[PDB]
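Protein chains in written order, with PDB author numbering: chain A, 966 to 1046; chain B, 320 to 562; chain C, 78 to 405, 416 to 481; chain D, 3 to 77; chain E, 563 to 804. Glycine included, C-beta positions come from ideal geometry on N, C-alpha and C. Note sheet for the following structure.
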Amino acid sequence: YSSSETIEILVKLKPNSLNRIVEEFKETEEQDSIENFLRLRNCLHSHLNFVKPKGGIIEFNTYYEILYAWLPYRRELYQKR
Amino acid sequence: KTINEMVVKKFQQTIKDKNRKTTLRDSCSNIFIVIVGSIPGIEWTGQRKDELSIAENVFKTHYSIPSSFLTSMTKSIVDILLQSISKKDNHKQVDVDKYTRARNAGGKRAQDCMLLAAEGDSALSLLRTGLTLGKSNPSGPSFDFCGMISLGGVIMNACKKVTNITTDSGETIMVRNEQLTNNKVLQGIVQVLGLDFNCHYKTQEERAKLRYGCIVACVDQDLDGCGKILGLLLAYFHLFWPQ
Amino acid sequence: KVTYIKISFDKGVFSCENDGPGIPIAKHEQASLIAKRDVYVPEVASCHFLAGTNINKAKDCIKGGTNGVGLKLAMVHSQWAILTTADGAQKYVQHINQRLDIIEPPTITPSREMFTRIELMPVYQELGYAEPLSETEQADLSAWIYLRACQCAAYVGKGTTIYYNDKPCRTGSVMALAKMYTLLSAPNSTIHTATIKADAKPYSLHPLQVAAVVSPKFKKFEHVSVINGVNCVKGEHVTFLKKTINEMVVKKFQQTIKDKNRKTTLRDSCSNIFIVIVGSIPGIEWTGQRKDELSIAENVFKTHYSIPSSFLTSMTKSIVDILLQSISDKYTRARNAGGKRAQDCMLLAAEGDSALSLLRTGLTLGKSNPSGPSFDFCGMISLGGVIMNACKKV
Amino acid sequence: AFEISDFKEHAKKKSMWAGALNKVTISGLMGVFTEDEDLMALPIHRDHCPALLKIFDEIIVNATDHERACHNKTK
Amino acid sequence: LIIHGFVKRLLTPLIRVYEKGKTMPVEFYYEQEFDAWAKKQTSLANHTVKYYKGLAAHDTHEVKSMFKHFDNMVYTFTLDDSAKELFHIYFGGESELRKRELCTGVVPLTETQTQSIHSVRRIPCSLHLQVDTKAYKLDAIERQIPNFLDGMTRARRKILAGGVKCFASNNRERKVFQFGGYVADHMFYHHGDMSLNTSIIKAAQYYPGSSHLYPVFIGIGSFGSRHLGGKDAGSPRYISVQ
DNA sequence: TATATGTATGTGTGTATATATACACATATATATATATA
DNA sequence: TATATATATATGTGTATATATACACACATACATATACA
C-alpha cells in the first residue's frame, strides 16, 4: 500500500506463528527478532577509494582525511583569484 | 506405417491448425499390439530367432489391413493427439507482459473495476506515479479498482485481416487470420478481460462474466495517438463486439 | 603392430589386408589327423568351422571374434577366394573356391614380408544381385563398405591407418563420425563430447568415446555404436546414456518450467539426440553370430562407469531448450573454408556490424586493389561486443 | 593357439547358439503372475540367462511345430 | 596455437592529422602520443585532427589506402615463458595482485623493442599485456571512480561544464537527447550516446534514496521513484532537464 | 541423524563495448494455392 | 489448361519495445562433505 515517496507494507500471518518467530529467529542485543525476520537492518560499510589530481588512485581510511586533504586547494584558489 | 498414414491424414483433417507435422512416434507411442499367426517363407537373423527377415513388399503386395480396424485405431489415436494438443504445448501458464492487475479483478465487485490501457511503458510509469497518491488524493483512484496494460505501440487492425464465410445454415461466420490470432497484444487483452469470440454479449448475465467491466484507453493527444490507434481500437471492438 | 588395414572393393572383388604378424605358417597336428593329410593353420582358420584363437576367450578380451566361424562364412559365400599370409620368413598362398568345396593345396615360399590378405569374389547372383553388379548395387555396396571403414578408423588405435580403395579413411574420432552422420540434417552444429571412464580394471582399461548432436529437426532418437569393432545396433550401453541424460533432463525441465506439473519421459528427452559411442567393453556377449545386439547386465555401467557431468549438463541444456521451444549468425563464409586450401585462409573477426560493413566494403575492391585480399580466402564473424572471460568461470 | 572345437564344447562356451550363457539384462522380459483368478503380464526387472530361457523355448516350439505339422492330418 | 602463430591482428590509426597543402597525414596510434605531440606545437590553426572512434568511421579514400597495404599491417602474437603470470594477474579471480600492480603507470616502450616489433613484425604477449591492457585498466579507473575534490567522475564533469555553457543565455528547457548531443559536440565526448543519456538521467534524479542529494539539474517529467530504484524513468525523448 | 565446511551460483552499482524488435500507410509484383472441367 | 481464392514483399515517414558483454565486492541463496555418531 505504498505511496509515491512513502513506504507502507502489510504482511499477513497464518494463525499461531508469532511465538514460533520469537523462539525460532533469536534476538541479540544488536537486532530484534522481528527485524531478523523481516530483513530490517543493514551495515553502512564504506570503501573510500578516489582518484587524485594528476592521475592515480588514492585510498583514504576515514572522512576526516578527505576533508583535511580538501581544504588547502580551496585556500590557495582564493589567494590566486 | 499403415496406421501412421491414416493417422496423419485424419489429424490434418480434424485439426484446423492445418500446419503441424507428426511422425510415426507420435502416431504409435500410445499403441500396444499383439500379432499372432503364421507367415510362410520367412528367415531369421540367428538360431535364437529374435528377428524375422522378409521383404517389406510381401505385405504391401499381398496383405490388407481391414479398414474398420484402421478407422477405429486412427480415431482413438487422434483423440489423444488432440488432447495433447490441448495440453502440453498449451498447458498452464502465467500473466501477460507489462500487466498490473487490480485487487478486485474477477470477484464479487468485478464490474466496478477499470483497465487503464496505456500506449507504452513511460505512460505506465506516469500512471503508477499517479494511482499511488496515498493520502494526498482521497478522491482519486488507486489499485483497488484499477489496472494497467500496454498497447504495444500501434494496434493491428482486424478490419482487413479477417474473412466472412456465409454458412449453408444461413448464419455467416467470421474467421480470423493466423497473423491476427498470434498477435501478443490482442491475445493479452482478450486474456485480461476474459472476452469470448462466439458470445455477442447482448444480455447482462453474459456481460457479468467479464473479468472487469470497462476499458479506458489512456493515450496521447497528438493525432498519431488520439486519432490512429484509438480509432483502430474502436474498430477492433466494433468488428467483433459492437454490443 | 598392425600399422594399416587396406580394404578394397572393385569390379565385385573384395579385399582386406593387414600388416601385423601373419597367421602361423605351420602344420596343424589335430586338423591333419582329422583330414588324414597335411593341413596348415591358415587352412584351419579359413575352412574349419568352430575353429580359431578365441574358442577360449578371456573375460577381459575385447576382440569381436569369439566363434571361430566368421572367416569360413566369408569363404562359403565366395565363388573364389585367396588367402595370402606371410610371417617374415615364409609366404603362404591358398586358394579356396566354389563355396568352400575346392580347397587347393597351399603354396609356401620364402619371403621376408609380414601381413594377411583375404581376397574374394562373392556369389552375388546366388544372394539376389545382378551379375555383374548393377550401377546402383555397386554404388550402394561401395558406400556401405566405405562407411564400415570410417567406423574402423574411429575404433582402431592411433598407429593404424584405415584405407578404402587406397584412400585413407578420414574419420579418426567420434566427432568426425558425428559430423559425417549429421552433415545434412544439421550442418554446422554443436558436438557434445565425453570420454566415459571406469575406475576398476578391466573396465578402466577401455574408455568409451562419445559424441552427440542435439537438433530440433531430428525426428527420433538415433545411435551409431562401434563396440569391440562391431557395428552393433542394440545394447545396454545406449540405454545407460539414455537413462542418465533423461534423469538430468527431467530434473532441469521441472526446474526451468514454472508450470511444475508436466511429466515427460525418455522419448521426449531423447528424440532430438544423435549419439556415436565407440570403444571396447570387456566381457560382453552377443545374441547370435551377426552380433547385432550385445548382452550385458545394466549394472555394469551403474557400478563402474561415470558420464562426465559437463557433457550431461551441455546435453540437458540443449534438450530443455528444445522442449520449451516445442511447447511454444553474422558469419560470411569464405569460398575455401574447410577444403583443400583451408590453411591458406584467414578469419577477420570483427567487433560489431558496422565493422563488418567496413570490411565487406574493403574486401570487394576488385580492380582498385588487385594485390589485396578477397572472399576467396577470407571470412568474417562478429565478436558480439565484449568477450566473456574463462579464467573466472572454470 | 589355433583350436578346433566340436559342437558340444562350442555350444557350452559360445553365445551364438542360444544367447548369453550367464545372467544379463534382457530388455522387455515379461512373465505371467496370477492375482486372484486374473492373469497379469508383468515385467521381470531382474537379469536372467537368455540361453536358459532358450532351452525351454526350443522344446516348446518343437511341440507347436508338431501341432501345425499334424493339424490337417488324421492323428 | 599462440606458440605456433594462430592469433593475429590488424593495426589501424586512431588519430590522423592533415596538414594544409601536403598530401600525407600524420598517424598516431595512441592518444597520449598525440597529446604530447599537440602540446609541443605553437600554431595548430590550420591542421584538421580526425578522431576515428570505431573502424567504421573511415572514409573511402582512407579504406582504399588501408587495403592497398593489408599484409603490410597485420601482426602476429608470440608466446613468452613469463606470460602465465601476467595472464593470471590481469584476468584472474584474485584482485589484490591487480591492486598491487596497477598503482604505477605504464612503462614506456624502448627503441630496440620498437624496431623489433616494426621490423620482424611479431608481438610478445607480455609486452602487449604490460602496455595496452594496463593502459586500459588505468583509463577505466579514471572513468569509473570519482575525484575527491569535486566528487564527480569524468562524464559528470563534462555534463556540468556543457550544462553551464548551454543554458547560459536563458534557462530554457531542452530534452535529454538534445542536451546530450550538445555536450557530446562541445565537450569532445568520444563514446556512445545511450550511456551519456543514461548519465544525464541519473544526474537529474531526486527521490528519497537517490545517489545525489544535491543534483546539478532540475528534472522536468517522469524521473522514476523509490520503488524500482529509479530504474522506472521515461525515455530520453520525453523527459527534460534544466 | 544432526552438524559444519568447503565447495559452487547469483544479482547489483557506474562507465564502457557491440547489437535487436513490433506497428501504420499505397500499390505493383509474386510464388505458389486452389475449383471443376474432364 | 484452365478461373479462382488466400496470404505474401518492398518503398518513406511515422508510432512503440528491447539485450548481451567488462569491471569490484559485500551479501544472499544451494548444496554437500565430511564426522562424531546414530
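For residue i, which beta-bridge partners are listed by DSSP?
i	result
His557(B)	None, per the DSSP bridge assignment.
residue 413(C)	No coordinates exist for residue 413(C) in the structure shown, because the numbering of chain C passes directly from 405 to 416.
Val535(B)	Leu435(B)
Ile304(C)	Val307(C) and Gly356(C)
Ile350(C)	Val291(C)
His50(D)	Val26(D)
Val377(B)	Note: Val377(B) sits in no beta bridge, so no partner.
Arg495(B)	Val481(B)
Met152(C)	Answer is none; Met152(C) lacks a bridge partner.
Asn1014(A)	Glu1024(A)
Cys687(E)	Looking at the DSSP assignment, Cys687(E) forms no beta bridge with any residue, so it has no partner.
Residue i touches chain B at which residues, Cβ-Cβ below 8 Å?
i	result
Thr993(A)	Going along chain B, no residue has its Cβ under 8 Å from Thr993(A), so there is no contact; the nearest lies around 35 Å.
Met18(D)	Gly365 and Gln366
Anything in chain A within Cβ reach of residue i, meaning under 7 Å, just list it in chain order.
i	result
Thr451(B)	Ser967, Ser968 and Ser969
Quick one: grab the DSSP three-state call for residue i.
i	result
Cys93(C)	strand
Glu208(C)	coil
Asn483(B)	strand
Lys244(C)	strand
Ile801(E)	coil
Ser403(B)	helix
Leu512(B)	coil
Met475(C)	coil
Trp19(D)	coil
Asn709(E)	strand
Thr259(C)	helix
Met635(E)	helix
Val397(C)	helix
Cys138(C)	coil
Output, in chain order, the set of chain E residues within a Cβ distance shorter than 7 Å of residue i.
i	result
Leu445(B)	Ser784
Quick one, are the C-beta atoms of residue i and residue j less than 8 Å apart?
i	j	result
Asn308(C)	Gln228(C)	yes
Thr237(C)	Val79(C)	yes
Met152(C)	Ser188(C)	no
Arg736(E)	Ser802(E)	yes
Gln804(E)	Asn759(E)	no
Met467(C)	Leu435(C)	yes
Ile404(C)	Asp408(B)	yes
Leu549(B)	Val538(B)	yes
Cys465(B)	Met493(B)	no
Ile268(C)	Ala255(C)	yes
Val636(E)	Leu711(E)	no
For a contact defined as C-beta to C-beta under 8 Å, what are the partners of residue i on chain E?
i	result
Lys1017(A)	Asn709 and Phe710
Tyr1038(A)	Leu711
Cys478(C)	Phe649, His650, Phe653, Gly654 and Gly655
Would you mind telling me which residues of chain B sit closer than 7 Å to residue i, beta carbon to beta carbon, in chain order?
i	result
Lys297(C)	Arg344
Mind listing the chain D neighbours of residue i? Cutoff is C-beta to C-beta under 7 Å, in chain order.
i	result
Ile373(C)	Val26 and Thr27
Whose Cβ in chain C lies nearer than 8 Å to the Cβ of residue i?
i	result
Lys407(B)	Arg339 and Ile404
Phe4(D)	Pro101, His105, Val118, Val121, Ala122, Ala128, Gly129 and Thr130
Which chain C residues are close to residue i, counting only those with a beta carbon under 7 Å from its beta carbon?
i	result
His620(E)	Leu445
Quick one: is the Cβ of residue i within less than 7 Å of any heavy atom of the ligand COA?
i	result
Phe378(C)	No copy of the ligand COA occurs in the structure displayed, which carries no ligand at all.
- Message: Pairs of beta-carbons, one from the stretch 645-656 of chain E and one from the stretch 678-694 of chain E, closer than 8 Å: are there three or more?
- Response: yes
- Query: Are at least three pairs of beta-carbons, each pair with one atom in the stretch 61-77 of chain D and one in the stretch 386-405 of chain C, less than 8 Å apart?
  - Reply: no
- Message: Under 8 Å: do the stretch 100-107 of chain C and the stretch 245-259 of chain C share three or more Cβ pairs, one atom per stretch?
- Response: no
- Message: With three or more beta-carbon pairs closer than 8 Å as the criterion, would you say the stretch 373-387 of chain C touches the stretch 276-287 of chain C?
- Response: yes
- Task: Determine, using beta-carbon pairs with one atom in the stretch 286-297 of chain C and one in the stretch 339-357 of chain C, whether at least three such pairs fall under 8 Å.
- Result: yes
- Message: Below 8 Å, how does it come out for the stretch 176-187 of chain C and the stretch 209-224 of chain C: are there three or more Cβ pairs, yes or no?
- Response: no
- Can at least three beta-carbon pairs, one atom from the stretch 144-161 of chain C and one from the stretch 28-36 of chain D, be found at a separation below 8 Å? no
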